[PDB]
């Protein structure tokens, strides 16, 4: 709301507190080169906010806990540069530090809840658009009621959703004086090395190489069970992605002959042999791209779209990851504000919530930052614990009513 004025009071580097962990100072000359799966992502920041109720730890305890957590996550204390002996793009573990921003809002948090995705959400996390050198930027905003908002702005080249989520939990763990779990794995040069000889088994070229308003659409358990009915011979996520893909295509009013594709993130950790440990700090993500004609997607039953997604997601297996790694290492540029005729669905259904505790209990709210990018959908839990889903849909003003009608 126009009355929630955020005053940013201070900003400071937080470096790793080796002493608080009882660990040997690391060398500020340590370098971790980016893997080919890291460089499959774009040089850009992703932002999220968490809200906590008044019994909130002081800024000093949160900051000490960040310094402690950054011993096991030096990547987020580091800078992007080039390794001297390689000429390769790398994370320099120079321990320069993550940005910690302290701020106040001159309103009770309750007075602006439920918080909807507007540009005013951007005020509750550090910017990822003003060329920050820090790879992790954290803001704590204390409201007049003693509630806090914790905002994250994180560089995608460093970590995927899972790895970034691990850091969030690691910071909560360290703040309470605990060891971090999972135990992190940082030795990236050990991972995603080409095969001898190199085997490319798929086509990686063409794949990896009015105003937009964001509206929150709530999808109930009842509505989900009905969708699952119209798709019967399964997966909540696969059904919902298929529904949202149909409804965006219908809402856009595309000519039926236009080819439309949904990008779906696939975690390769459990798909590859040997498995990548859940503690791996880096990206292990490639994208399934089920494609259809707009006509084939809207006129054919929901079942057809679900099946396209199922078959394309199952194609992105250990072997696909291995094909990508060998090719990305061979002798182009990655394909990573309007996706039409395509969409992307970023699923955050595994986001830490119930267990993110800094000492004052779990959060009562979470939201993606305002991302006014047409067709970039973010799927989120509703926080009710019932399995209901919240979809944040950016569409042009003219299309949003048409999208909501189709959705319901």
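Residue numbers count along the first chain shown, from 1.
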Response to the item:
Deposited residues missing from the model between residue 233 and residue 234 number 4 to 9
Worksheet item: Count of coordinate-less deposited residues separating residue 336 and residue 337, as none, 1 to 3, 4 to 9, or 10 or more?
Response: 4 to 9
Discussion item. When the Cα temperature factors in the entry are averaged, is it 22-30 or 36-44 that ends up higher?
Written reply: 22-30
Worksheet item: Mean CA B-factor: is it higher for 308-316 or for 71-79?
Response: 308-316
Discussion item. Quiz for you: based on the deposited Cα B-factor, which of 188, 218, 176, 99 is highest?
Written reply: 188
Worksheet item: Per the coordinate record, which of the options 253, 290, 198, 282 holds the highest CA temperature factor?
Response: 198
Fill in: Chain-wide C-alpha B factor ranking for residue 50, given as lowest, middle or highest third
lowest
Discussion item. Taking only the Cα B-factors deposited for this chain, tell me whether residue 16 sits in the lowest, middle or highest third.
Written reply: middle
Worksheet item: Lowest, middle or highest third: where is residue 297 by Cα B-factor in its chain?
Response: middle
Worksheet item: Thinking about Cα B factors across the chain, which third does residue 329 belong to?
Response: highest
Worksheet item: Lowest, middle or highest third: where is residue 344 by Cα B-factor in its chain?
Response: middle
